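Because the Cβ atoms are built from the backbone with ideal geometry, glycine has one as well, and the counts that use them run over all protein chains shown. Throughout, read-outs are computed from the coordinates displayed, never taken from laboratory work.
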């Protein structure tokens, strides 16, 4: 049964660490992996580096190639033993997500699988220590929160950057859309992956910026100049696999060439990519030019920038984004002299924690923005949905139009990830931001005679700047974060549409634990999308401040008939989280450009001027509770 | 017997970290330590820093002060629970070395007490791992030698620099001649400690230079200029006591002021010292001048340079 | 200003224990004060006992018949020096609640004022100990949860019984409706206080029963026979004010005569009361008979049973309910030769914790029930609201029709209540039951031509019995708990009414901490009920079970025009919590008998048969998360 299948998968995931050591009387017995697994664990697996990605791709293909599920497990049994463990988790997760046979199946928790990435070394040490200190079945609980002389104000952001859910999501997203993805081999293609790459990262930056403003900090600035020294960050993460940890990066480093790539080769790529944007065409390998069409342009750019296998020219345009992660990651030891592990930037699970991440991503976002700039703005025609008027919006909470945010304690179970020994469970307690539940009530007047179908789009943007209160829509575009997108039908006359925050399309409703999975539930049975991906729920709104920071609440209704695509796909599957994740094996459900109406340049003075009749702005307050 | 005395002191020091948990409900209880009670347990202890040295000195004095050996064990037992462990090892070793009740009491070998300092993290966590991996009485053996790309020629010197014996010696030497040493309190004085300080360190450098030449490398150059950027070094050492490890340093960044001291001050101290050497006299606190005599000169300089408590100013 | 006034009140409340030492040269000057000061300071104050209440009333009056708010503060300040502290808190709170001058003003937290009543002795000891152990400004945190082997299944209920919010509410309720209340003196009268007395206590029992069933335990049985021995309970509460603690009770104790009252006159009173229900009339002091009218009957009975000052005959009918608390409280030392303190039963703040409370209250509830039995059942005419039909109800949560319940950690600040010394704050951490937020969507068809006004009444009742699944409406009456009551207007045609759990009329939205109160907010400024009274929010639904226990969700709509009373009262004041609390200085806003439709006997075998068109039952599940 499916349940049995789930059980088999969980053990593929257990003790990734320990299942190294060949355990193979003739070590040729997985010849398919004599080639792949040229990474022995020594350095860490890099999600960004090309060579690492190549190995990973090779692994996935074998998994995809597996004739049946049983064969799949057998490969994943015997092969795991040789290949680097990180690569293995990566390859398997991709396989589980896509391979039909796996119509059964969650992947074990990333946080749970590698607890060391989620929690600090101190807590991990303590738990391990307590386990040894007194042998006893009794459970061990450790509170990760610590006590420390906080000098840096960046620390304030830690609730966002360090959040477990955020890191997990980032890991999962890359799994759903792998850079290595080869559509020919799989046969299936990931719709608009390049564009999604752009959108997801942009949102992370946008959301990040809202945190800084909530904090009273200015918006992050891009890593425009390669010459500039980076700010330091020390992760305090250990790797349980061996003796090492992610290397910290002290203050103030100018940029060093790696054997693999020169930072100048990088600078070229940036010039090239941006050249083609202006010239409105890119050059394919064939030396043909493909236009940066309005429809296609973002996608093509996304593939080139990341870059994915899909890039029209890898050799010429290079892989700017990925190399950025690699270069930043080994700033400490570019030469590989000292033989030190890379920083957090190397891994999709960890990278969000470093503040540098935002600087780089804003830089890349800028590239996309230049392209967007080339496009013409939106006419009333494009925006408006005639006959429909938005009367008003209200947010209901304990206090209307105010959302309250607080910190909540939570526990993570280490036992699946690290050797438990005698203890039944070792849990680490951490705290994260959370908010009260709320609902939206939108009153819409349907002037038309017949029932209409509308897509409701809701975004949140900060009212205040770093200077004073100024709702300049051009700037707002960067800041706006997507709260929700959903379909509703309106009858003629007045209508009130109520939606609850829980329903939000952006967030993952729930991630099942190992324990949950061993049990056997039914959200449906889907895959790595399953509980993992989606933005985390606690994260839905920015922290705000004790004072109650003012944010613009924007609701827009668009003609659904226009917005939807027609086609024939599946049952109700992982679609909760469509806004950032997309739909399983389906085309992106919205015709509009991701981020619409915000994606193109706005001429207006105040945001308000921009509004059409099917748009509305309600100012609400977010107040944090200490 | 004295050997039974050994067998008690060695498990006093055995596994330092877990003997913390102070477990005395009222802070006031140890008025004996009301003067100190500043550096927590987990923190790294600095042999060089003045404040750390001051605490250490305070600890030793108590140990020296101990009326008898039994009393010595008692205060030590209880003090270890509260003070930082590194400081504790330092203070105790000094006490064992000097205090007359202790002849034929060797200390627990430093390498053995803190294996993590001697061996690389990879063979620390591999060994720890093997212990957990399969429970069994059986012995575990791990070969520290590793396998890796050896990019830096400095690596060649590792046999010398990394040597266990050398590191241990350096630890011990500082114990025999502590910077903090106050002759009035002890009553006894360490003959020519300043000069010895000079000689021992000079020999280490000299010996080091012979290694480089053996290697075919040029002799080491002095760090004369404060401005120059340092070469990086990554130790790959973990501190099991906590999660923490010694931070590595890459190369290429000029020198930064600490809250405790600014680099400019360091430069000053040097020009100060050079002048004194030059005019052949140093100024005491009393503002009297003492000559840099042929006999005395190295010793006086050693105390000032290190500097020890003995420094004239 | 009001804020200043608030500040003055908070210090009346501080260091009550310490406030003793009279420092008064002579009470004679305080002629007003002559009446009070009989009860000694250290002694425990009984809410219940008549003599104690009399002194308390005398004190309040002096505080009332102070001339302006300067005079009120003055006498209070002086009175607090001499009088027993417990009595003092009681008298002052009543004064703050009613006295106009106090149009300003919350009362300091009961939990916060007397932390020792809310938390266990161990935690309190630890905090006190930590304070002394190491002097330092640093904050102290203590987790009250403990570790112990728990032989007694009653322990399971502790989350309900021990809950801080519940105890606080009970304290506050008695303050709003004091037994001692003399309408002539105040001039104002408390509408339907006797009936409310009945309703509130009945609800507590009903809610309690739902917990037991959620637990898998049978419903509580009444203290029908006095001869029977009581089950023991040890509170583990200390009174810091002295060394003393609430005496524990070991099981196997039958009730003993006290000097104050012989258990038999209690038996007579109960018999006298029941006899006079049957006879349908009660005898007044005048020896006139007053009929137990349908309208009046519950109220008259409530006053007699409690009994309040309002009782038509105190001398003959006695005070059964109150004496029950007293007798149970000093079971350990009926003689008082031991000079031991009374148990938890003596105090309104503590009494809910003892399991005996339920047994006694069910007993008293039975008395009311017999009266209800005498009344005729409800015809379709009374129940139905014609033209209105309830199509369906749905509860929206993470999963529709399922409510999730979990345990949440919380902290209580001791500092206001006990001597802090050096420490900035000492907080004790405790855990309580809590549930996810949810909303209700009710579809109603308004057949009539015109808009109607309806009162929506929502109740929850357990589906399962101790036997097997049996929705026998007669039995259900005891179990049904009130979720919410609110007014809505329906237009003709289909209507959907959405209400959020947060809005619930039964619960207190928020209780302000002495810290919040230290600043100055604007919920508005009314008094002891302010944040205090109302049932606690976390408590709104029963725990349920991991399996997801089935509960009947009942929604009924009634004609509002009928339901409301007309009159002219205040601005928007403490009305959030109307269902159990009533409205400030206002008549109870609902004409229907409290608990309607559940109050009278139901002829039908099954609940479904009972339903009229304006009623509906939706089965939902409550599942607890471990």
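Structural remarks
- Residue in the stretch B:34-44 that is more than 14 Å from every other protein chain (Cβ to nearest Cβ) and assigned to a helix (DSSP H, G or I) present: no
- When every residue of the stretch A:363-383 is checked against the conditions, at least one turns out to be closer than 29 Å to residue A:439 by Cβ and surrounded by fewer than 21 Cβ atoms within 10 Å (Cβ to Cβ).
- So residue C:490, is it touching a helix residue (DSSP H, G or I) at 6+ places or on another chain (Cβ under 7 Å), over 25 Å from residue C:220 (Cβ atoms) and surrounded by 15 or more Cβ atoms within 10 Å (Cβ to Cβ): no
- The stretch A:497-531: number of residues that are assigned to a loop (DSSP other than H, G, I, E, B), over 21 Å from residue A:107 (Cα atoms) and either within 11 Å of another protein chain (Cβ to nearest Cβ) or touching a helix residue (DSSP H, G or I) at 6+ places or on another chain (Cβ under 6 Å) (or both): 1
- Filter result for residue A:273 (in a loop (DSSP other than H, G, I, E, B) and more than 8 Å from chain B (Cβ to nearest Cβ)): no
- When every residue of the stretch C:110-124 is checked against the conditions, none turns out to be free of Cβ contacts under 8 Å to residues at least 12 places away in the same chain and surrounded by fewer than 19 Cβ atoms within 10 Å (Cβ to Cβ).
- Being touching a strand residue (DSSP E or B) at 6+ places or on another chain (Cβ under 8 Å) and within 14 Å of another protein chain (Cβ to nearest Cβ) holds for only one residue in A:300, A:331, and it is A:331.
- Qualifying positions in the stretch A:327-346 - surrounded by 24 or more Cβ atoms within 10 Å (Cβ to Cβ) and in contact with a helix residue (DSSP H, G or I) (Cβ under 7 Å, 6 or more places away or on another chain): A:328, A:329, A:342, A:343, A:344, A:345, A:346
- Only one entry in C:413, C:475, C:451, C:466 is surrounded by fewer than 22 Cβ atoms within 10 Å (Cβ to Cβ) and touching a helix residue (DSSP H, G or I) at 6+ places or on another chain (Cβ under 7 Å), namely C:413.
- Every test in (1) part of a helix (DSSP H, G or I); (2) farther than 24 Å from residue B:172 by Cα; (3) more than 14 Å from chain C (Cβ to nearest Cβ) is passed by residue B:67 save one, and that test is (1).
- Among the candidates C:436, C:445, residue that is within 14 Å of another protein chain (Cβ to nearest Cβ) and free of Cβ contacts under 8 Å to residues at least 60 places away in the same chain: C:436
- Residues in the stretch C:269-282 that are touching a helix residue (DSSP H, G or I) at 6+ places or on another chain (Cβ under 7 Å) and either without any contact (Cβ under 8 Å) to a residue 24 or more places away in the chain or buried (at least 16 other Cβ atoms within 10 Å of the Cβ) (or both): C:269, C:270, C:272, C:273, C:277, C:282.
- Members of the stretch A:101-135 found to be more than 13 Å from every other protein chain (Cβ to nearest Cβ) and in a loop (DSSP other than H, G, I, E, B), listed by number: A:103, A:104, A:105, A:106, A:107, A:108, A:109, A:114
- Complete set of residues in the stretch B:222-244 that are farther than 30 Å from residue B:15 by Cα and more than 9 Å from every other protein chain (Cβ to nearest Cβ): B:222, B:223, B:224, B:225, B:226, B:227, B:228, B:229, B:230, B:231
- Close pairs (6 angstrom Cβ cut-off, 6 or more residues apart or separate chains): away from every other protein chain (no Cβ under 12 Å) in the stretch A:389-400, assigned to a strand (DSSP E or B) and buried (at least 20 other Cβ atoms within 10 Å of the Cβ) anywhere: A:390/A:444; A:390/A:616; A:393/A:442; A:393/A:555; A:393/A:616
- Test: residue in the stretch A:245-268 that is more than 14 Å from every other protein chain (Cβ to nearest Cβ), part of a loop (DSSP other than H, G, I, E, B), without any contact (Cβ under 8 Å) to a residue 60 or more places away in the chain and out of contact with any strand residue (DSSP E or B) (no Cβ under 9 Å at 6 or more places or on another chain): yes
- Within the stretch C:1-25, the set of residues being farther than 10 Å from residue C:108 by Cβ, in a helix (DSSP H, G or I) and in contact with a helix residue (DSSP H, G or I) (Cβ under 6 Å, 6 or more places away or on another chain) comprises C:8 only.
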